[PDB]
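Read the structure below first, then the notes.
When we count neighbours, we look across all protein chains shown, and the Cβ atoms used for this are built from the backbone with ideal geometry, even at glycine. Rule-based calculations on the coordinates, nothing more; no lab input.
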Amino acid sequence: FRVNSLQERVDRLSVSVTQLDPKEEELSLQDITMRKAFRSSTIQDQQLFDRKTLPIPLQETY
Amino acid sequence: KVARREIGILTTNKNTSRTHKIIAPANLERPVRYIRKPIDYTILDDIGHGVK
């Protein structure tokens, strides 16, 4: 699923980049003033041994 | 390209060239031989209103 979702995401970005025009691209200071800075994902996995993570086989033995 | 386009506005050609320390003429001066000739008081007769 993820692969397919990403592939189509990659494909249309490969097209968007094609349309990029350095000659017309204008820069504004409102990005530094009115628009938040890019933030990469900061997900950290924890509590890996909750009962809900217990595999079915062991659950039955339990 | 966007960055270079932004700084390109603040630039202009720096007219610099490269040549040799010494450039001799195409044709060097010809050594003229000395020949004796008498004083001639008529060589200015055609300059201005001359008198023959």
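Using a 10 Å Cβ count of at most 15 others and DSSP loop calls, identify the longest part of chain A lacking such trypsin sites (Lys or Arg not before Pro).
A:40-62
What value, in deg cm²/dmol to 500, does the helix sum -39500 (n - 2.57) over DSSP H runs of n ≥ 4 give at 222 nm once divided by the residues of the protein assembly as shown?
It lands at -8000 deg cm²/dmol.
Please report, in whole Å, how far the alpha carbons of the protein assembly as shown spread along each principal axis, starting with the longest.
Here the spans come out as 144, 36, 26 Å, largest first.
So what's Rg/Rh here for chain B, counting alpha carbon atoms and using the Kirkwood radius for Rh?
Radius of gyration over Kirkwood radius for chain B works out to 1.56.
Once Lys and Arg get +1 and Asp and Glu get -1 on their Cβ, which of A:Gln46, A:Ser5, A:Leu29 lies farthest toward the positive end of the dipole of chain A?
About the Cα centre, the residue reaching furthest to the positive side is A:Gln46.
Under a Cβ-only charge scheme (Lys and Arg +1, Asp and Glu -1), can you give me the dipole magnitude of chain A about the Cα centre, in debye to the nearest 20? Don't jump to the answer; show the numbers that get you there.
Working: 9 positive and 10 negative charges, 56 e Å.
The calculated dipole for chain A is roughly 260 debye.
Compute the orientation-averaged projected area for chain A from the convex hull of its Cα atoms and round it to one decimal in nm². Walk me through the intermediate numbers first.
Details: hull surface 33.0 nm².
So the mean shadow area of the Cα hull is 8.3 nm².
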